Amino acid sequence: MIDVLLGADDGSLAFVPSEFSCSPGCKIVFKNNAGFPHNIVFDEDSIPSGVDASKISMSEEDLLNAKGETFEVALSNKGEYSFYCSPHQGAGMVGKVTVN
């Protein structure tokens, strides 16, 4: 599995890592680190065809509010999955996972 920090240790509004690669069955655990609240959203138009975004994404309205809170994702279909934090998207808090 891949552990991803929500917020850099220094408080920067970033996923760490932000771009990473894995294979079918890939599991990702996003953990609130700094600069929260944060969330993790995948838009349907920015993930592979035939993937249900609602099954991998937080709702834009929901947030992880405290250090250490987690949101887990498991991926199957190959392709590129772009994601972002909704409150911090405009600050560049975005990422992409590639399943090859």
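All residue numbers refer to positions in the sequence shown, first residue = 1.
**Student:** For the C-alpha atoms alone, is the average B factor greater in 35 to 43 or in 62 to 70, going by the entry?
**Tutor:** Comparing 62 to 70 with 35 to 43, the higher average CA B-factor belongs to 62 to 70.
**Student:** Quick one: which of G92, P17, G25, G11 has the biggest Cα B-factor according to the entry?
**Tutor:** In the PDB entry, the greatest C-alpha B-factor among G92, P17, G25, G11 is found at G11.
**Student:** According to the PDB entry, is the CA B factor of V4 in the bottom, middle or top third of its chain, that is, lowest, middle or highest?
**Tutor:** Middle third, going by the recorded CA B-factors of the chain.
**Student:** Rank-wise, by C-alpha B-factor, drop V29 into the lowest, middle or highest third of its chain.
**Tutor:** Middle third by C-alpha B-factor.
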